There are 2 protein chains.
Amino acid sequence: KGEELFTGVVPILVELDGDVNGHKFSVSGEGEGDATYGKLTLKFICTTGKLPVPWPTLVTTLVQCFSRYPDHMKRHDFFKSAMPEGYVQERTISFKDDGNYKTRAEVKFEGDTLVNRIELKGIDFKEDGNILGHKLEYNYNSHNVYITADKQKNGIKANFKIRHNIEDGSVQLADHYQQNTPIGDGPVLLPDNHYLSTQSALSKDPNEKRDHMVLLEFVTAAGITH
Amino acid sequence: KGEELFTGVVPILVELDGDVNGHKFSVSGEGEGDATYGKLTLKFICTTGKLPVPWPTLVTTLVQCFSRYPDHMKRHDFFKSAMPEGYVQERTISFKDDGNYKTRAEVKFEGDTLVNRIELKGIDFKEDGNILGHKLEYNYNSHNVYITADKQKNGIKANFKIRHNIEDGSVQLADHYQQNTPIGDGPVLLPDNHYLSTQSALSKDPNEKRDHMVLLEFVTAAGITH
Ligand SMILES: [Mg+2]
Ligand SMILES: [Mg+2]
Ligand SMILES: [Mg+2]
């Protein structure tokens, strides 16, 4: 079981290459995750200088396999069942009244560590919009990630809207259309309609001088009573 | 100087006695805070059995002295300046279309540990409202705490509205009116209009059988340009 790969603490690596309205950049992340608690600890760093977009807009893109599934619903955990071969995660993130990101990533074990390699492309973003104008507050709110089975793809789909608070007191919605596919050929677990109660907390390393992001998250599956 | 008491890691003790619509309960919390980073780590446990109200409703009540104040605005940090004697923190939490909370706490040092002792009274709550009916999700969102000086009372005031996500996709608002006053006779610092950008993340200790809540907080002061 890919399940047995998460009984303890697992090292994590995240590599991301992006291009937003022609502005290229890269961010690396490292840390560890504990699916038993459903928690992650991660430090991200923009290795190409300043991040051309706000850090929060990248949170969802930057390993739901570290979600905590209650004992009664461990059969709905597609994420772990696809390990160690892993899965492909794709998304179309539409910022209300602004541009959109299209992401494609692979989440699989590479040795003793879980790695999330991402490629991101954004287009049609407004010059001085909330995104390119850095008008989002440096924080994050709680969201429910609704998952449904995608039998034809032998994976899953996810649909949700991220709420990014703007410094002007308004909210910038970020519609998310997710699609996950197993990498290997073996059978996986096609969960029932449920969601992931995910929370994130963004902070900074007063000692780090590079553009970065300290992220702590807690995810617990739910929606299926028992 | 009070500020000098927060340069490193500080043990935290929290004791709360509550009474909502006649239901008495108590919660004990322990952990630590590091104002250099502006983070806290606490574990609360309902010592009287099960909490009669949803845990998220008690978050704001359960030590803003642990907020991180940037170097350019360290003279606006009232909380630390009142230490070690501490300050009284009082609040009136009005849940929209439902009952309200009235809290009085003393925040001060008891040895080398910062202690927050609270007394809470809740009234006119609906037997099957979001609160007593426990319809709140177990999560929390980001909020800005706007602080203003209160020369007359020789302290500060605070106003903000907490957004409590409901299990049916709706949102329950909790209007907060805060008032802080030094406990000692010693002179404190009167801030300039600014705010505390705060984030809270709720989780559960998988090995804890008692009714409890693990909380992770990140608070950074802002609003003052420089
Ligand atoms: Mg929100
Ligand atoms: Mg007592
Ligand atoms: Mg309602």
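In its metadata, the entry names X-ray crystallography as the structure determination method and reports 2.30 Å as the resolution.

Visitor: Account for the overall build of chain A, with residues named and values stated.
Guide: Along its length, chain A carries 1 helix and 11 strands. Order of helices (α) and strands (β) in chain A, N terminus to C terminus: β-β-β-α-β-β-β-β-β-β-β-β. Here the C-alpha radius of gyration of chain A, 17 Å, is about what a compact globule of 226 residues would show, namely 17 Å. Taking the principal axes of the C-alpha coordinates as reference, chain A spans close to 45 × 35 × 30 Å. Among the 226 residues that make up chain A, the fraction classed as buried is 55%. For chain A, the exposed surface amounts to about 9,900 Å²; the carbon and sulfur share of it is 48%. Side-chain charges in chain A split into 26 positive and 32 negative, and the spacing between the mean points of these groups amounts to 3 Å.

Visitor: If you had to explain the layout of surface pockets to someone new, which residues and values would you point to?
Guide: Size it by volume and the largest pocket reaches roughly 810 Å³. What lines the largest pocket is a set of 28 residues, among which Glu 137, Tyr 138 and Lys 204 of chain A together with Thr 220 and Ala 222 of chain B lie closest to the centre. Considering each element in turn, the lining of the largest pocket owes the most residues, 5 residues, to strand β11 (residues 212-222) of chain B. Residue composition of the lining of the largest pocket, grouped by class: 15 nonpolar, 7 polar and 6 charged. The volume enclosed by the second largest pocket comes to roughly 690 Å³. Together, 30 residues line the second largest pocket, and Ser 197, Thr 220 and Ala 222 of chain A together with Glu 137 and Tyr 138 of chain B are the ones closest to its centre. The set of elements that each furnish at least two residues to the lining of the second largest pocket consists of β10 (194-203) and β11 (212-222) of chain A together with β10 (194-203) of chain B. Of all the elements, β11 of chain A adds the most residues to the lining of the second largest pocket, at 5 residues. Counted by class, the lining of the second largest pocket contains 15 nonpolar, 11 polar and 4 charged residues.

Visitor: Report on the nonpolar core, specifying residues and quantitative values.
Guide: Counting 57 residues, the largest nonpolar core has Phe 44, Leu 62, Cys 65, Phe 66, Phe 79, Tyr 101 and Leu 114 of chain B as the members making the most contacts within it. When residues of this core are assigned to their parent elements, the largest contribution, 5 residues, is made by strand β1 (residues 10-20) of chain B. Excluding residues that lie within four positions of it along the chain, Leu 114 of chain B makes contacts with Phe 6, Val 10, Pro 11, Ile 12, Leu 13, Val 63, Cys 65, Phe 66, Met 83, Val 107, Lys 108 and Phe 109 of chain B. Within the second largest apolar cluster, 56 residues are counted, among which are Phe 25, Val 53, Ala 82 and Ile 156 of chain A.

Visitor: Give me the sheet that holds strand β3 (residues 39-46) of chain A: which residues, what numbers.
Guide: All names here are of chain A. Spatial strand order, β1-β2-β3-β11-β10-β7-β8-β9-β4-β5-β6: 11 strands in a closed barrel with mixed pairing. Across the sheet, the axes of successive neighbouring strands diverge by a mean angle of 20 degrees, strand direction being ignored. Pairing of strand β4 (residues 87-95) with strand β9 (residues 171-182), which is carried by 9 bridges, proceeds in the antiparallel orientation. Pairing of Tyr 87 across the sheet is with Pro 182, part of β9.

Visitor: So, the interface of chain B and chain A: which residues are in play, and what are the values?
Guide: Taken together, the contacts link 24 residues of chain B with 24 residues of chain A. For the pairing of chain B and chain A, the buried interface totals around 1,800 Å² over both sides, and the portion due to carbon and sulfur atoms is 46%. Considering only the surface of chain B that becomes buried against chain A, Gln 199, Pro 206 and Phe 218 of chain B emerge as the three largest contributors, covering 26% of it. Our enumeration of links across chain B and chain A arrives at 10 residue pairs in polar contact. Elements with a contribution of two residues or more to the side of chain B that touches chain A: β8 (155-165), β10 and β11 of chain B. Residue composition of the side of chain B that touches chain A, grouped by class: 8 nonpolar, 11 polar and 5 charged.

Visitor: Before we move on, could you go through the environment of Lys 96 of chain A and cite the residues and values that matter?
Guide: Residues and elements named next belong to chain A. The topology assignment puts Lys 96 in the loop between β4 and β5 (100-110). Taking the relative accessible area as the measure of exposure, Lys 96 reaches 51% and is therefore exposed. The spacing of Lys 96 and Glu 127 is 31 residues in sequence and 15 Å in space, taken between C-alpha atoms. Other than its neighbours up to four places away in sequence, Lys 96 contacts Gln 172 and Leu 173.

Visitor: Residues and numbers for the environment of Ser 170 of chain A, please.
Guide: Residues and elements named next belong to chain A. Within the secondary structure, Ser 170 is located in the loop between β8 (155-165) and β9. A relative accessible area of 29% means that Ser 170 is categorised as partly exposed. Put simply, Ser 170 and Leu 136 are 34 residues apart on the chain and 9.5 Å apart in space, counted from C-alpha to C-alpha. Beyond its immediate sequence surroundings of up to four residues, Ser 170 is in contact with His 164 and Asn 165. Among the polar contacts made by the side chain of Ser 170, one reaches the side chain of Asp 168 at a distance of 2.4 Å.

Visitor: Tell me about the environment of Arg 117 of chain A, and please be specific about residues and values.
Guide: Residue and element names in this part refer to chain A. The residue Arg 117 is located in strand β6 (residues 113-123) in this model. The partly exposed category is assigned to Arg 117, whose relative accessible area is 36%. Considered as a pair, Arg 117 and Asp 150 are 33 residues apart in the sequence and their alpha carbons are 23 Å apart. The residues touching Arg 117, leaving out its near neighbours within four places in the chain, are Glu 15, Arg 104, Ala 105, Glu 106, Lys 108 and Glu 110. Side-chain polar atoms of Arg 117 contact the side chain of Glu 110, separated by 2.6 Å.

Cut-offs used in this document
Residues numbered from 1 in each chain as written, not as in the entry; some residues may be left out. Chains lettered and ligands numbered in written order. Heavy atoms only, no water. Residues with missing side-chain atoms left out of burial classes, pairs and counts. Helix = DSSP H or I, 4+ residues; strand = E, 2+ residues; numbered from the N terminus. Rg over C-alpha atoms; globule rule 2.2 N^0.38 Å. Buried < 20%, exposed > 50% of the residue type's maximum accessible area, 1.4 Å probe, protein only. Areas by Shrake-Rupley, 256 points an atom, 1.4 Å probe, with all protein chains shown as cover. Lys, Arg positive; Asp, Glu negative; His and termini not counted. Charge placed at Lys NZ, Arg CZ, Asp CG, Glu CD. 1 Å grid on protein atoms, 1.4 Å probe; cavity = no way out; pocket = protein on both sides within 12 Å on 5 of 7 lines; lining within 4 Å. Points joined across faces, edges and corners; volume = space filled by probe spheres on them. Nonpolar A, V, L, I, M, F, W, Y, C, P; charged D, E, K, R; others polar. Core = buried A, V, L, I, M, F, W, Y, C linked by side-chain atoms within 4.5 Å. Contact = heavy atoms within 4.5 Å. Pairing = 2+ DSSP bridges. Axes fitted to C-alpha atoms, helices over the stretch in contact; angles between N-to-C directions. Buried area = accessible area lost by both parts, 1.4 Å probe. Polar contact = N/O pair within 3.5 Å; in protein donor to acceptor, adjacent residues only side chain to side chain.

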